[PDB]
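In structure tokens, the next block holds one chain alone, the form deposited in one PDB entry.
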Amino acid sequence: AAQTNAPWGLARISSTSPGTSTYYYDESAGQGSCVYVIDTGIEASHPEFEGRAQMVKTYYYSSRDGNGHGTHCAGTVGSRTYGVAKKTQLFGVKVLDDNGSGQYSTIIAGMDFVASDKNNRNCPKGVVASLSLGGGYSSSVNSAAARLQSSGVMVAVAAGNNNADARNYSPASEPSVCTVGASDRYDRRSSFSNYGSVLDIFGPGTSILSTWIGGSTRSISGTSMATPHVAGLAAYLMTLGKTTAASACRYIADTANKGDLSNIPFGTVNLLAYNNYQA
């Protein structure tokens, strides 16, 4: 399939080179997979989600997204226009309040929630979680992301936006999950992107157009925008039978565009997510 005039990040993800604007992908499109978006929630009613998004959990007075961030992330995973996996099921877990903040204890509970709740969903092709959040190093937070991953969920997490080594952040520093750095449309490391030996992959993170609350759209930037590209890609590859939750991060890094990014510090991977689709 071919989506013309796609957001640059979608095009980039299906291209060997920057500067193109059509997204190419197998039509299966993540059908039969599920993605949990663990964030400020999802505006499920947005026409762009077409009935495929649902809120399954909140730790606050409402399950509605009063911020927009979780909705933007969900749109990059699987909205019809702005999404990598246009046919996946989307499940929202609101661990962040409408200011985008959450206590570590709440965030950990939300991860363990998904690790059980996936047994209540129909996802024959596999399950992914996108965690666009972070804070200082915490072994409890890391350990929670490690459990989610070990229960059979492909876990993708933002590296962080501090322009600093991600070893100092959680769950970014957890070795067993997929830690994702941000790149821009000219294949440069995003200027805010964390880096370090703990990064597994880069995805599009600067000027990313996607869904927002109130039924609209907007462009914003962050490793939190790169993460859902990688999460959407894992779901898409799992429905294609190419990989599994346990090995998707590895597979994505093995099949990535290699050595194409600029401003990667010595010792950080130079790998950019790529769907290897031959149209």
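Numbering starts at 1 and follows the sequence shown.
Below, we turn to the form deposited with a partner chain bound, even though it does not appear here.
Since the chain is shown here on its own, which stretch among 235-243, 48-56, 216-224, 25-33 would lie within 4.5 Å of its partner chain in the deposited complex, judged by heavy atoms? Going through the listed ranges, the match is 216-224.
Contact of residue 101 with its partner chain in the deposited complex (heavy atom, 4.5 Å): Judged by the heavy-atom cut-off of 4.5 Å, residue 101 is in contact with its partner chain in the deposited complex.
With the cut-off set at 4.5 Å between non-hydrogen atoms, does residue 149 touch its partner chain in the deposited complex? It does not: once its partner chain is placed as it appears in the deposited complex, residue 149 has no heavy atom within 4.5 Å of it.
Does any heavy atom of residue 153 come within 4.5 Å of a heavy atom of its partner chain in the deposited complex? No.
Please run the contact check for residue 135 against its partner chain in the deposited complex: heavy atoms, 4.5 angstroms, yes or no? So residue 135 counts as contacting its partner chain.
Residue among 127, 93, 201, 107 with a heavy atom within 4.5 Å of its partner chain in the deposited complex: Of 127, 93, 201, 107, the residue with a heavy atom within 4.5 Å of its partner chain in the deposited complex is 107.
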